[PDB]
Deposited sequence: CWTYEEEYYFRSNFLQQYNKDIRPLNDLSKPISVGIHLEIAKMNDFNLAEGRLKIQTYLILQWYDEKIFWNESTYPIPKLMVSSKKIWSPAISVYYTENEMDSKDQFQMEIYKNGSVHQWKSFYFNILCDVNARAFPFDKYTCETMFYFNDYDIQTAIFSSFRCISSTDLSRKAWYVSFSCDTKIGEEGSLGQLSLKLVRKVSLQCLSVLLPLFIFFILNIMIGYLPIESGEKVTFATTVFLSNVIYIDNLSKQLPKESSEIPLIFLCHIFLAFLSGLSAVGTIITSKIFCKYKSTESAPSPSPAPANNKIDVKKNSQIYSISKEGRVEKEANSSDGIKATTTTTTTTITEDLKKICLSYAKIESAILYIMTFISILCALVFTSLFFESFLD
């Protein structure tokens, strides 16, 4: 039941010989052990096509201050909240986001009688991702980032643990999210790794991108069965060809810009456009002076590519 006056007197006289610039140890030749417990709360996913996933994480850093220990016999307080600029706290940062991460300290530290210190932090940053889009829509992403100390190497401060959990609502929207994190020993200090794996789901909206690949397909075989007596055919074919190539342009603006392998949808569209153009050329050449063969080739190639797509299919 500590009253205001004694908490005031304590706060006046509990950092007497304390310098927040010095790691709180009785022997400074050894590292200070900091534990981390991380929770991935949300993902943005806006620029995931360009290779950047904007995620938010919550950290609970825990360490031991060996200079701010007291006992209730003299100060009947079991714990306190102390601002971040009054005592030593470690500065953490993640690779490739130093300049685009505001890092405003707003959560005070919580310090116990025996020196245990807990600090709350939240990071909102881009984690770069590598895209495997051979099967599209069902692209797969792998992401990685490393947390490190802003000022301390392995001989000055070390991550004693690194655990990650999830809010259970990461994978609720069009992603299978699987994470793993553990502490590594980097060249310039102790690092905490964080690896994410995102696998797109089978949403109807994502599969709508297949319909164009259907349309042209129909239109393609639909050049064959037309008024061959009329020259309209060649013109019609040309028209289709144009549309197809234009669509490919628009298509390239959606595909993950840089995949480990070329997506099969693009190859199918290229094949269809090439076949339509050659069909127009062939019909006009015949008019100057194959059907079943063209249909057989189309069927063979399309079935091979669809079989590959089924092979790479996920559920």
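* **Coordinate gaps, deposited numbering** => Seq positions lacking coordinates: 290 to 366, a single run.
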